[PDB]
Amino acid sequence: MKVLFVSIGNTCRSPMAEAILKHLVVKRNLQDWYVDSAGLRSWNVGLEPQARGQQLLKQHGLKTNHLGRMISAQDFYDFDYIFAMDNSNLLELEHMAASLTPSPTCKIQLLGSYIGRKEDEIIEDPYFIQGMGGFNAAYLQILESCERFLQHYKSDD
C-alpha cells in the first residue's frame, strides 16, 4: 500500500526505485498503492533526480518529477515499507526509527534482500561512478528487487 525508498542522496537510486515500482503497479493494475522516496542528507535536496538517471529511465519508458527531500519523522508512521539501498542507509534508518518515542510499525528493510543472492544484496550509490555502468547495475538490481517483492506481498505465503 505505502512504500518509501531511501538512498543517501535521494537523487539516484531511490528516485529510480520510486518510478520503477510506480510503473509495475500500473502494469499490474494494483490498488491502493502509494510510492515515494526520500534521502538522508541535504546534499541534493530540492533538486530533480540526477540527469543521467532520468535518461536511463526515459530509455525504459519511465520518467520522474521528483524533488530530492529529507526523510522526516512523519515518514516512519505513514509507510508500510521503507527500503534502504545500503547497510549504511539501513543502520541510519534503524537508529532514526528507534529515536521516535511512539515506536513506528513501518518495516525497514534492505531492498536488495529480495534479490535472493546475498552477493547481490547491496545496491551501490552510482552518483560518483563515471559513466553509466553504476546506474545500469542499480537499475537491474532495483528492478529484480521490486519484482520479487511484489511477488511476495501478493502471495498467500
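Residue numbers here begin at 1 and follow the sequence given.
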query: Stretch exceeding the other in mean C-alpha B-factor - 20-28, 141-149; finding: 20-28
query: Per the entry, higher mean C-alpha B factor between 51-59 and 123-131; finding: 51-59
query: Per the PDB entry, maximal CA B factor within 101, 89, 109, 37; finding: 101
query: Position of residue 67 among the chain's modelled residues by C-alpha B-factor, lowest, middle or highest third; finding: highest
query: Third of the chain's Cα B-factor distribution that residue 76 belongs to, per the entry; finding: middle
